[PDB]
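A.B. asks: The structure is given below, and queries will be raised subsequently.
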Amino acid sequence: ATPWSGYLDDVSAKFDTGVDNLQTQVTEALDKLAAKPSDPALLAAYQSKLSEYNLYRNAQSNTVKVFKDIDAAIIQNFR
Amino acid sequence: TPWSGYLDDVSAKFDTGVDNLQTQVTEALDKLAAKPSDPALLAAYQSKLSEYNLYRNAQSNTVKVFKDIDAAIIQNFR
Amino acid sequence: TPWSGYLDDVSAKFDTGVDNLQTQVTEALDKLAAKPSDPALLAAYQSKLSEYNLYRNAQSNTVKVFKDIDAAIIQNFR
Amino acid sequence: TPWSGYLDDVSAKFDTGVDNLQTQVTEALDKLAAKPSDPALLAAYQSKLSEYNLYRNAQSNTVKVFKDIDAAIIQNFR
Amino acid sequence: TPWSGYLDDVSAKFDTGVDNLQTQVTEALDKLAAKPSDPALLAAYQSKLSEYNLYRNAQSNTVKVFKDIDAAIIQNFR
Amino acid sequence: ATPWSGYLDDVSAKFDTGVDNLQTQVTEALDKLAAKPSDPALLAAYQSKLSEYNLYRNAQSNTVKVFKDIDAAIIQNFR
Amino acid sequence: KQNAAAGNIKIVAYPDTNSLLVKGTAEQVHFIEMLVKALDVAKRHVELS
Amino acid sequence: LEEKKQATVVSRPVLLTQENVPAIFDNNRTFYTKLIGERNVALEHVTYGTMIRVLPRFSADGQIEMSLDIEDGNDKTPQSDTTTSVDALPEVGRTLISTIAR
């Protein structure tokens, strides 16, 4: 059936389903810019997508780390 | 609910001590996920997540302390 | 194995409760090692490795606790 | 066969994933050093060096995490 | 023949199980000492030192557990 | 005769016999540089030597600490 | 003696001269010798194209 | 254009050892292409080198057995970019062998 998925997987995937298609949009913007690097409207378009992508990946991974640290501290008190 | 001990009571007193943080943090999570570049949403999330972290840590150490007191008394029945 | 004790059973409950994580981390590594610079692959691998860590850890603490619960009982047979 | 542990395997996955990077990154430098002012050479070398950097980083952090997962279990034998 | 008990048999199983690690560690150390700045030597030393550490830990933890099992039986002869 | 030395000392000393002359090279490089602190040929050399010295010391201390923890963890089981 | 145990034999390799040292009774030594010469043989050569 | 080229290289190291004693021989050497002038190209060069590691055994048949590691070749040199030296120093390969022979 569907592959198994924990709690951290879900907290991660809430971003991949929140930013609807940014992962495609960035590759489209790069394929258009590489065609003619000297178009102001293309450079202006690409700057925004690249910045948004950067921030998205940062917020995702920092949140996964924080939850992994809240869990390990409880698991340690079982002993 | 049907059966609960003293440790369960100590624990539950935090789960009701914080009224709604348990939902607020999941709510803010997806508000942010919809628009991860909004400063207001980021600032709103950072504090709710910090408060959730401290809530869980404070909850667990207390239950351990009480377990060690009770085990220490029970050891002397013999 | 043919013979399986109580601690064996409790250990095995985790191994059957996580459907195939033991495979998902192996093949996620196989994909990432092939292209260490793809952010989509790094972001996948971080999650699967963390989940594998919390699983292996809690399995062992639980078995330790159940051993001590009844090593303390068989001490009173005499 | 030669003796190798589990950390050795996890490590060698990367070396066999990056088929030839270890040589390419050297040859690129050898060429560049001959004429530092060629922009095409500079451009190539930048990308190669960056890939080698990320490869070594990921390789080390993963080994560390598996060392810790092992040590945690070993501790509970007693 | 040098007399060997049971504990020194269990202990020896690890020694012959890790065929050559004992020497691989010192070889890797002498290379690293010959050129500390080489990353290919560094990343090879990390895996061996970690394997060695884990090996020694598991070994002594097991010997101790067995000694406890035997002392608990000998206590019942009286 | 010679002073007594333990296993940790043999390990620490390996590095020092490995870097035959670095301890001197790092001094003389500094005195050349400080005599004329504006020659790029002296500066590029000193950058290298100082980096090598840093990595050397830093690797030596971490190795000694790991071997300490292995031994303290064995001795803890004698009792 | 003729009824000595098999577990008393000791074998020590001595590469300096490519030889073996064996400690036991006379009959044990004899049997060991026979086994040694039943084991070592000159390997064949193989060529692969 | 029509071009013909022929080349030949023979090399032979000798090492003295004792029965059952491991031994090693290791050598490296460089050669310079004398293409010459003041309005010259940079003087190109090639470097060749060899390992032997060995352990010998006497057999009563009057046969010698050796465990052998052999490594040989010349250093990969993209820097020798020149076309003008078609008289390149001869490109041998790089080779590793390990085996036992009697």
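If you're wondering about the labels, chains in the structure tokens are A, B, ... by order shown, residues count from 1 in each chain, ligands from 1 in order shown.
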Specify as a ChimeraX atom specification all residues of chain D found within 8 Å of chain H, counting only C-alpha atoms.
C.D. replies: /D:27,30-31,34
A.B. asks: Selection from above, N, CA, C and O atoms, as a PDB file, in the first residue's frame, can you write it?
C.D. replies:
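So again-v6.pdb came out as:
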```pdb
ATOM      1  N   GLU D  27      43.003  16.872 -11.600  1.00  0.00           N
ATOM      2  CA  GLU D  27      43.347  17.285 -12.954  1.00  0.00           C
ATOM      3  C   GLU D  27      42.876  18.699 -13.267  1.00  0.00           C
ATOM      4  O   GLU D  27      43.599  19.470 -13.909  1.00  0.00           O
ATOM      5  N   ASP D  30      45.393  20.925 -11.809  1.00  0.00           N
ATOM      6  CA  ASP D  30      46.624  20.892 -12.587  1.00  0.00           C
ATOM      7  C   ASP D  30      46.529  21.766 -13.831  1.00  0.00           C
ATOM      8  O   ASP D  30      47.448  22.535 -14.124  1.00  0.00           O
ATOM      9  N   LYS D  31      45.419  21.684 -14.562  1.00  0.00           N
ATOM     10  CA  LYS D  31      45.219  22.564 -15.715  1.00  0.00           C
ATOM     11  C   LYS D  31      45.150  24.031 -15.309  1.00  0.00           C
ATOM     12  O   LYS D  31      45.879  24.869 -15.846  1.00  0.00           O
ATOM     13  N   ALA D  34      48.255  25.947 -14.621  1.00  0.00           N
ATOM     14  CA  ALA D  34      49.050  26.307 -15.791  1.00  0.00           C
ATOM     15  C   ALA D  34      48.692  27.683 -16.350  1.00  0.00           C
ATOM     16  O   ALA D  34      49.551  28.336 -16.950  1.00  0.00           O
TER      17      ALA D  34
END
```
A.B. asks: How would chain D read as a short mmCIF file (atom, residue, chain, number, x, y, z; two decimals) with N, CA and C atoms, in the first residue's frame once least-squares superposed on chain E using all paired C-alpha atoms?
C.D. replies:
```cif
data_model
loop_
_atom_site.label_atom_id
_atom_site.label_comp_id
_atom_site.auth_asym_id
_atom_site.auth_seq_id
_atom_site.Cartn_x
_atom_site.Cartn_y
_atom_site.Cartn_z
N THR D 1 47.24 -28.02 26.34
CA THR D 1 46.90 -26.70 25.83
C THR D 1 47.00 -25.66 26.93
N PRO D 2 47.12 -24.39 26.56
CA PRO D 2 47.09 -23.32 27.58
C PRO D 2 45.76 -23.26 28.30
N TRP D 3 45.83 -22.94 29.59
CA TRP D 3 44.64 -22.80 30.43
C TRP D 3 43.86 -21.52 30.15
N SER D 4 42.57 -21.67 29.87
CA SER D 4 41.74 -20.50 29.63
C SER D 4 40.34 -20.87 30.10
N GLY D 5 39.72 -19.92 30.79
CA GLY D 5 38.36 -20.03 31.26
C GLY D 5 37.30 -19.80 30.22
N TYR D 6 36.08 -19.62 30.71
CA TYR D 6 34.96 -19.34 29.84
C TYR D 6 34.88 -17.86 29.50
N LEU D 7 35.25 -17.00 30.44
CA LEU D 7 35.32 -15.58 30.14
C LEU D 7 36.42 -15.30 29.13
N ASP D 8 37.54 -16.00 29.23
CA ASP D 8 38.59 -15.88 28.23
C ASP D 8 38.10 -16.23 26.84
N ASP D 9 37.30 -17.28 26.72
CA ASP D 9 36.74 -17.64 25.42
C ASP D 9 35.82 -16.55 24.90
N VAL D 10 34.84 -16.17 25.71
CA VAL D 10 33.92 -15.10 25.30
C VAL D 10 34.69 -13.86 24.88
N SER D 11 35.78 -13.55 25.56
CA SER D 11 36.58 -12.40 25.17
C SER D 11 37.29 -12.63 23.84
N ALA D 12 37.99 -13.76 23.70
CA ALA D 12 38.73 -14.06 22.48
C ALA D 12 37.85 -14.20 21.24
N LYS D 13 36.56 -14.45 21.40
CA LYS D 13 35.70 -14.45 20.22
C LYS D 13 35.84 -13.16 19.43
N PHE D 14 35.79 -12.02 20.12
CA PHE D 14 35.93 -10.74 19.44
C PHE D 14 37.30 -10.58 18.78
N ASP D 15 38.37 -10.87 19.51
CA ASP D 15 39.70 -10.76 18.92
C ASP D 15 39.85 -11.59 17.65
N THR D 16 39.27 -12.78 17.61
CA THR D 16 39.33 -13.56 16.38
C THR D 16 38.26 -13.18 15.37
N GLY D 17 37.30 -12.36 15.74
CA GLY D 17 36.32 -11.88 14.78
C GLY D 17 36.83 -10.69 14.01
N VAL D 18 37.45 -9.75 14.71
CA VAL D 18 38.15 -8.64 14.07
C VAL D 18 39.56 -9.11 13.70
N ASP D 19 39.68 -9.65 12.49
CA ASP D 19 40.92 -10.28 12.04
C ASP D 19 42.16 -9.42 12.22
N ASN D 20 42.09 -8.15 11.85
CA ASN D 20 43.29 -7.34 11.73
C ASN D 20 43.11 -5.89 12.17
N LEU D 21 41.91 -5.53 12.62
CA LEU D 21 41.63 -4.17 13.03
C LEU D 21 42.70 -3.60 13.94
N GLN D 22 43.19 -4.38 14.90
CA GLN D 22 44.19 -3.86 15.82
C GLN D 22 45.42 -3.32 15.11
N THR D 23 45.81 -3.91 13.98
CA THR D 23 46.94 -3.36 13.23
C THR D 23 46.53 -2.23 12.31
N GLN D 24 45.46 -2.44 11.54
CA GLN D 24 45.00 -1.38 10.64
C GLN D 24 44.83 -0.05 11.36
N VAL D 25 44.18 -0.05 12.52
CA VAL D 25 43.98 1.19 13.27
C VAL D 25 45.29 1.86 13.64
N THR D 26 46.37 1.10 13.74
CA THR D 26 47.67 1.69 14.04
C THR D 26 48.32 2.27 12.80
N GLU D 27 48.37 1.47 11.74
CA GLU D 27 48.95 1.94 10.48
C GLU D 27 48.23 3.17 9.94
N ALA D 28 46.90 3.19 9.99
CA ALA D 28 46.16 4.37 9.57
C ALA D 28 46.64 5.62 10.29
N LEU D 29 46.84 5.52 11.59
CA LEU D 29 47.37 6.63 12.37
C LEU D 29 48.77 7.01 11.93
N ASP D 30 49.63 6.01 11.77
CA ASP D 30 50.99 6.29 11.33
C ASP D 30 51.01 7.09 10.03
N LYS D 31 50.18 6.70 9.05
CA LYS D 31 50.08 7.47 7.81
C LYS D 31 49.54 8.87 8.06
N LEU D 32 48.40 8.98 8.73
CA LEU D 32 47.80 10.28 9.01
C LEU D 32 48.80 11.23 9.65
N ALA D 33 49.48 10.79 10.70
CA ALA D 33 50.45 11.64 11.38
C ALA D 33 51.48 12.23 10.43
N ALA D 34 51.76 11.56 9.32
CA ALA D 34 52.72 12.10 8.36
C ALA D 34 52.19 13.32 7.61
N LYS D 35 50.88 13.43 7.42
CA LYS D 35 50.34 14.56 6.67
C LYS D 35 48.90 14.84 7.08
N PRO D 36 48.70 15.32 8.29
CA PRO D 36 47.35 15.59 8.81
C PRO D 36 46.39 16.34 7.90
N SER D 37 46.87 17.08 6.92
CA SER D 37 45.97 17.85 6.07
C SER D 37 45.35 17.07 4.92
N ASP D 38 45.69 15.82 4.69
CA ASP D 38 45.05 15.06 3.62
C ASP D 38 43.64 14.59 3.98
N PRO D 39 42.60 15.07 3.29
CA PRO D 39 41.24 14.68 3.64
C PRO D 39 40.96 13.20 3.48
N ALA D 40 41.54 12.53 2.49
CA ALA D 40 41.29 11.10 2.35
C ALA D 40 41.80 10.34 3.56
N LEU D 41 42.98 10.71 4.04
CA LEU D 41 43.52 10.09 5.24
C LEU D 41 42.60 10.33 6.42
N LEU D 42 42.21 11.58 6.64
CA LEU D 42 41.27 11.88 7.72
C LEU D 42 40.02 11.01 7.65
N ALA D 43 39.38 10.98 6.48
CA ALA D 43 38.17 10.19 6.30
C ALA D 43 38.38 8.72 6.66
N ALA D 44 39.43 8.10 6.16
CA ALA D 44 39.70 6.71 6.52
C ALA D 44 39.86 6.54 8.03
N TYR D 45 40.77 7.30 8.61
CA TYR D 45 41.04 7.17 10.03
C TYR D 45 39.80 7.30 10.89
N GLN D 46 38.93 8.26 10.59
CA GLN D 46 37.70 8.40 11.37
C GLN D 46 36.93 7.09 11.49
N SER D 47 36.70 6.42 10.36
CA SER D 47 35.96 5.16 10.39
C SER D 47 36.70 4.08 11.16
N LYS D 48 38.02 3.99 11.00
CA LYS D 48 38.75 2.96 11.73
C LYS D 48 38.69 3.18 13.24
N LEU D 49 39.01 4.38 13.69
CA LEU D 49 38.92 4.68 15.11
C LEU D 49 37.54 4.38 15.68
N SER D 50 36.48 4.79 14.98
CA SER D 50 35.13 4.50 15.47
C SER D 50 34.87 3.00 15.61
N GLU D 51 35.33 2.20 14.65
CA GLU D 51 35.12 0.77 14.78
C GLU D 51 35.89 0.19 15.96
N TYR D 52 37.12 0.63 16.18
CA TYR D 52 37.86 0.14 17.33
C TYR D 52 37.16 0.48 18.64
N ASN D 53 36.63 1.69 18.73
CA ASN D 53 35.86 2.10 19.90
C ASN D 53 34.72 1.15 20.23
N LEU D 54 33.84 0.92 19.25
CA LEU D 54 32.70 0.04 19.51
C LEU D 54 33.13 -1.38 19.85
N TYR D 55 34.18 -1.87 19.20
CA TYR D 55 34.67 -3.20 19.51
C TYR D 55 35.06 -3.35 20.97
N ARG D 56 35.87 -2.43 21.49
CA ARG D 56 36.23 -2.52 22.91
C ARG D 56 35.03 -2.40 23.84
N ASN D 57 34.07 -1.53 23.53
CA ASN D 57 32.91 -1.41 24.41
C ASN D 57 32.12 -2.71 24.52
N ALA D 58 31.65 -3.23 23.39
CA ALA D 58 30.90 -4.48 23.43
C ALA D 58 31.68 -5.59 24.12
N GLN D 59 32.97 -5.70 23.83
CA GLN D 59 33.78 -6.72 24.46
C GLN D 59 33.74 -6.64 25.98
N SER D 60 33.81 -5.44 26.54
CA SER D 60 33.80 -5.34 28.00
C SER D 60 32.43 -5.61 28.62
N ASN D 61 31.38 -4.97 28.12
CA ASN D 61 30.06 -5.20 28.71
C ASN D 61 29.64 -6.67 28.71
N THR D 62 29.98 -7.42 27.66
CA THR D 62 29.56 -8.82 27.67
C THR D 62 30.24 -9.62 28.79
N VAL D 63 31.54 -9.44 28.95
CA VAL D 63 32.24 -10.12 30.04
C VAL D 63 31.60 -9.80 31.38
N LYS D 64 31.23 -8.54 31.59
CA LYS D 64 30.58 -8.20 32.86
C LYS D 64 29.31 -9.00 33.08
N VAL D 65 28.47 -9.09 32.05
CA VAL D 65 27.21 -9.78 32.26
C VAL D 65 27.40 -11.26 32.55
N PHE D 66 28.36 -11.91 31.89
CA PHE D 66 28.56 -13.31 32.28
C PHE D 66 29.17 -13.46 33.67
N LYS D 67 29.94 -12.49 34.14
CA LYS D 67 30.43 -12.59 35.50
C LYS D 67 29.27 -12.57 36.48
N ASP D 68 28.28 -11.73 36.22
CA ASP D 68 27.17 -11.65 37.15
C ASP D 68 26.31 -12.90 37.11
N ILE D 69 26.06 -13.45 35.92
CA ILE D 69 25.28 -14.68 35.89
C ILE D 69 25.96 -15.79 36.67
N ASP D 70 27.29 -15.86 36.62
CA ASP D 70 27.99 -16.88 37.41
C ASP D 70 27.87 -16.65 38.90
N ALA D 71 28.24 -15.45 39.36
CA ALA D 71 28.16 -15.14 40.78
C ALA D 71 26.80 -15.43 41.37
N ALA D 72 25.73 -15.14 40.64
CA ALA D 72 24.41 -15.42 41.18
C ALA D 72 24.22 -16.90 41.49
N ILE D 73 24.72 -17.79 40.63
CA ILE D 73 24.55 -19.21 40.89
C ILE D 73 25.43 -19.63 42.06
N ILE D 74 26.70 -19.25 42.02
CA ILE D 74 27.61 -19.63 43.09
C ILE D 74 27.03 -19.30 44.44
N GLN D 75 26.42 -18.12 44.57
CA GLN D 75 25.84 -17.74 45.86
C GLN D 75 24.88 -18.78 46.42
N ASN D 76 24.14 -19.49 45.59
CA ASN D 76 23.13 -20.42 46.10
C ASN D 76 23.65 -21.78 46.51
N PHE D 77 24.93 -22.11 46.34
CA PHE D 77 25.38 -23.42 46.80
C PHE D 77 24.99 -23.66 48.25
N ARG D 78 25.18 -22.66 49.10
CA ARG D 78 24.93 -22.83 50.52
C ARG D 78 23.45 -22.98 50.80
#
```
A.B. asks: Please provide as a list in words all residues within 10 Å of residue 9 of chain G, with the sequence filter that same-chain residues fewer than 2 positions apart are discarded (counting only C-alpha atoms).
C.D. replies: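 Counting only the stated atoms, we get residues 1 of chain E; 4, 5, 6, 7, 11, 22, 23, 24, 25, 28, 29 and 32 of chain G.
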A.B. asks: Identify, with DSSP run on backbone atoms, the residues in chain H assigned to strand (DSSP E), and express the list as a PyMOL selection string.
C.D. replies: chain H and resi 23-32+45-59+63-74+94-101
A.B. asks: One decimal, Å: what's the distance from atom CA of residue 26 of chain H over to atom CA of residue 75 of chain H, could you say?
C.D. replies: 15.0 Å
A.B. asks: Could you write out as a PyMOL selection string the residues of chain A within 7 Å of chain C, counting only C-alpha atoms?
C.D. replies: chain A and resi 4+6+8-9+68+72+75+78-79
A.B. asks: As a ChimeraX atom specification, please: the residues near segment 51-59 of chain H (cut-off 6 Å, only C-alpha atoms, same-chain neighbours under 2 positions excluded).
C.D. replies: /H:19-20,22-26,61-71
A.B. asks: Okay, now the selection with C-alpha atoms, as a short mmCIF file (atom, residue, chain, number, x, y, z; two decimals), in the first residue's frame?
C.D. replies:
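Output saved as selection15.cif:
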```cif
data_model
loop_
_atom_site.label_atom_id
_atom_site.label_comp_id
_atom_site.auth_asym_id
_atom_site.auth_seq_id
_atom_site.Cartn_x
_atom_site.Cartn_y
_atom_site.Cartn_z
CA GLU H 19 65.12 -16.38 2.14
CA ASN H 20 61.87 -15.70 4.05
CA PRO H 22 60.33 -9.51 2.84
CA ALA H 23 61.88 -6.81 0.71
CA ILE H 24 60.89 -3.79 -1.38
CA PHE H 25 62.39 -1.76 -4.21
CA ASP H 26 61.00 1.63 -5.20
CA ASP H 61 63.16 -29.31 -5.64
CA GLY H 62 65.57 -26.44 -6.32
CA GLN H 63 62.67 -24.10 -7.09
CA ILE H 64 62.13 -20.56 -5.80
CA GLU H 65 58.63 -19.36 -4.91
CA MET H 66 57.83 -15.65 -4.61
CA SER H 67 54.90 -13.64 -3.38
CA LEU H 68 54.87 -10.61 -5.69
CA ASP H 69 53.39 -7.11 -5.83
CA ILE H 70 54.34 -5.08 -8.92
CA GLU H 71 53.32 -1.51 -9.76
#
```
A.B. asks: Would you pick out the contacts of segment 44-53 of chain A at 10 Å or less, using only C-alpha atoms, so that residues sharing its chain but fewer than 2 positions from it are not included, and give the list as a list in words?
C.D. replies: residues 19, 22, 23, 25, 26, 27, 28, 29, 30, 32, 33, 39, 40, 41, 42, 55, 56, 57 and 58 of chain A; 35, 36 and 37 of chain B
A.B. asks: Any chance you can output those residues with N, CA and C atoms as a PDB file, in the first residue's frame?
C.D. replies:
```pdb
ATOM      1  N   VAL A  19       3.974  24.722  -0.385  1.00  0.00           N
ATOM      2  CA  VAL A  19       4.473  25.420  -1.573  1.00  0.00           C
ATOM      3  C   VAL A  19       4.130  24.588  -2.807  1.00  0.00           C
ATOM      4  N   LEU A  22       6.698  25.263  -6.349  1.00  0.00           N
ATOM      5  CA  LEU A  22       7.907  26.061  -6.406  1.00  0.00           C
ATOM      6  C   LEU A  22       9.062  25.256  -6.978  1.00  0.00           C
ATOM      7  N   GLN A  23       9.133  23.975  -6.628  1.00  0.00           N
ATOM      8  CA  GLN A  23      10.205  23.128  -7.131  1.00  0.00           C
ATOM      9  C   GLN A  23      10.211  22.991  -8.644  1.00  0.00           C
ATOM     10  N   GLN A  25       8.687  25.557 -10.660  1.00  0.00           N
ATOM     11  CA  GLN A  25       8.860  26.936 -11.095  1.00  0.00           C
ATOM     12  C   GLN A  25      10.320  27.369 -11.146  1.00  0.00           C
ATOM     13  N   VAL A  26      11.124  26.961 -10.169  1.00  0.00           N
ATOM     14  CA  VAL A  26      12.538  27.342 -10.185  1.00  0.00           C
ATOM     15  C   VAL A  26      13.279  26.765 -11.386  1.00  0.00           C
ATOM     16  N   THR A  27      13.004  25.520 -11.751  1.00  0.00           N
ATOM     17  CA  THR A  27      13.688  24.960 -12.911  1.00  0.00           C
ATOM     18  C   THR A  27      13.200  25.574 -14.212  1.00  0.00           C
ATOM     19  N   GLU A  28      11.929  25.956 -14.277  1.00  0.00           N
ATOM     20  CA  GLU A  28      11.464  26.694 -15.446  1.00  0.00           C
ATOM     21  C   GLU A  28      12.144  28.048 -15.556  1.00  0.00           C
ATOM     22  N   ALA A  29      12.228  28.777 -14.453  1.00  0.00           N
ATOM     23  CA  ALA A  29      12.837  30.099 -14.502  1.00  0.00           C
ATOM     24  C   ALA A  29      14.305  30.019 -14.890  1.00  0.00           C
ATOM     25  N   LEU A  30      15.011  29.000 -14.410  1.00  0.00           N
ATOM     26  CA  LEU A  30      16.405  28.834 -14.812  1.00  0.00           C
ATOM     27  C   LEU A  30      16.550  28.448 -16.278  1.00  0.00           C
ATOM     28  N   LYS A  32      14.563  29.265 -18.689  1.00  0.00           N
ATOM     29  CA  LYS A  32      14.342  30.472 -19.479  1.00  0.00           C
ATOM     30  C   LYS A  32      15.499  31.456 -19.377  1.00  0.00           C
ATOM     31  N   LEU A  33      16.029  31.686 -18.181  1.00  0.00           N
ATOM     32  CA  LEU A  33      17.137  32.626 -18.051  1.00  0.00           C
ATOM     33  C   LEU A  33      18.369  32.166 -18.820  1.00  0.00           C
ATOM     34  N   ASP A  39      18.245  39.532 -20.339  1.00  0.00           N
ATOM     35  CA  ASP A  39      16.908  40.107 -20.249  1.00  0.00           C
ATOM     36  C   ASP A  39      16.574  40.591 -18.841  1.00  0.00           C
ATOM     37  N   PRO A  40      16.433  41.899 -18.614  1.00  0.00           N
ATOM     38  CA  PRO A  40      16.077  42.377 -17.274  1.00  0.00           C
ATOM     39  C   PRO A  40      14.867  41.697 -16.674  1.00  0.00           C
ATOM     40  N   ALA A  41      13.833  41.402 -17.460  1.00  0.00           N
ATOM     41  CA  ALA A  41      12.629  40.841 -16.859  1.00  0.00           C
ATOM     42  C   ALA A  41      12.850  39.405 -16.426  1.00  0.00           C
ATOM     43  N   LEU A  42      13.792  38.726 -17.053  1.00  0.00           N
ATOM     44  CA  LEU A  42      14.091  37.357 -16.674  1.00  0.00           C
ATOM     45  C   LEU A  42      14.970  37.326 -15.438  1.00  0.00           C
ATOM     46  N   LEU A  55      14.727  30.166   1.345  1.00  0.00           N
ATOM     47  CA  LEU A  55      14.014  30.256   2.622  1.00  0.00           C
ATOM     48  C   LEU A  55      13.185  29.011   2.917  1.00  0.00           C
ATOM     49  N   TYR A  56      12.480  28.501   1.921  1.00  0.00           N
ATOM     50  CA  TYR A  56      11.675  27.305   2.123  1.00  0.00           C
ATOM     51  C   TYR A  56      12.503  26.137   2.646  1.00  0.00           C
ATOM     52  N   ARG A  57      13.636  25.850   2.012  1.00  0.00           N
ATOM     53  CA  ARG A  57      14.450  24.740   2.505  1.00  0.00           C
ATOM     54  C   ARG A  57      15.033  24.978   3.896  1.00  0.00           C
ATOM     55  N   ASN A  58      15.373  26.219   4.233  1.00  0.00           N
ATOM     56  CA  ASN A  58      15.853  26.482   5.590  1.00  0.00           C
ATOM     57  C   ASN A  58      14.792  26.213   6.646  1.00  0.00           C
TER      58      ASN A  58
ATOM     59  N   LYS B  35       2.998  30.080   3.448  1.00  0.00           N
ATOM     60  CA  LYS B  35       3.716  31.281   3.008  1.00  0.00           C
ATOM     61  C   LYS B  35       4.979  31.447   3.840  1.00  0.00           C
ATOM     62  N   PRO B  36       5.936  30.552   3.681  1.00  0.00           N
ATOM     63  CA  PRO B  36       7.116  30.559   4.556  1.00  0.00           C
ATOM     64  C   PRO B  36       7.991  31.800   4.514  1.00  0.00           C
ATOM     65  N   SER B  37       7.646  32.819   3.741  1.00  0.00           N
ATOM     66  CA  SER B  37       8.479  34.007   3.647  1.00  0.00           C
ATOM     67  C   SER B  37       7.916  35.207   4.393  1.00  0.00           C
TER      68      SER B  37
END
```
A.B. asks: Report the residues of chain A whose backbone DSSP state falls under alpha helix (DSSP H), written as a PyMOL selection string.
C.D. replies: chain A and resi 7-16+22-33+40-75
A.B. asks: So the first atom is atom CA of residue 40 of chain H and the second is atom CA of residue 85 of chain H; what is the distance between them in Å, to one decimal place?
C.D. replies: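 If I compute the distance from atom CA of residue 40 of chain H to atom CA of residue 85 of chain H, I get 11.7 Å.
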